[PDB]
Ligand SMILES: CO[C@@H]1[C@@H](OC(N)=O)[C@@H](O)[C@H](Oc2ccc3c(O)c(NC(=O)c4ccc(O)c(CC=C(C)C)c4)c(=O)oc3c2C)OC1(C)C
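One chain is shown next in structure tokens, namely the form solved without the named molecule.
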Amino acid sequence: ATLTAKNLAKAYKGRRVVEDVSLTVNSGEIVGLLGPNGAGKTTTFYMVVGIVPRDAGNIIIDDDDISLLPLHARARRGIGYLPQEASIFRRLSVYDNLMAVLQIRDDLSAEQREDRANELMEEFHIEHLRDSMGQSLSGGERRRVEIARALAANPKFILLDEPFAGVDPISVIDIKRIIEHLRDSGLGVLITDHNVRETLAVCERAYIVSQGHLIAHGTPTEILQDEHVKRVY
């Protein structure tokens, strides 16, 4: 499957925070949307996920233009999403966090939902936290729970907004292995970051944004032929 955004634009109070941003991700790839703070990465993700309406451009999955579908409809089409800031249900246990999303799985029986919850906790190394409250988790543990909770919806594409933000260096490596695992499972993975040097090496392709504009794109090697990108990073 392929998820594509074509010439997205978004304005707030007449200011164009995103002017022209495109990107594409296929199943089995990690693709980066990378650039400085304020460049428009989260706004772009919001327009892809459907959390805000787009002012221009197109959002496409395969042969379906979904630019006008609401968040919930795109989610059923296979788009999953993880915000930068903590999104775990702090007052609920890890188990209940996963079961909360598994309740939308009309393709699974009550029993199967229970199975998947145990499966996800094994995969993401959080079984020992089954009954712990999200509040009591560390940044890295919290991130692993939130990612597993997103996968509970069985998405085709997972959009991770700065997944490494607010986690320790050991958890960064752990999250990087998780991302490789997701990719190997056939998901299309789209990640944002401002640390181009670090994140570029895990991307099959990336889209470098600055001030709401796409300024470079392609494989890391292609991107790093751009003198501006070389220098700044």
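From 1 onward, residues are counted along the sequence shown.
Another form exists, deposited with the named molecule bound; not displayed. Remarks below refer to it.
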{"property": "All of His72, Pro83 and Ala86 with a heavy atom within 4.5 Å of the named molecule in the bound PDB entry", "result": "yes"}
{"property": "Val101 within 4.5 Å of the named molecule in the bound PDB entry, heavy atoms", "result": "yes"}
{"property": "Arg149: touches the named molecule in the bound PDB entry, heavy atom cutoff 4.5 angstroms", "result": "yes"}
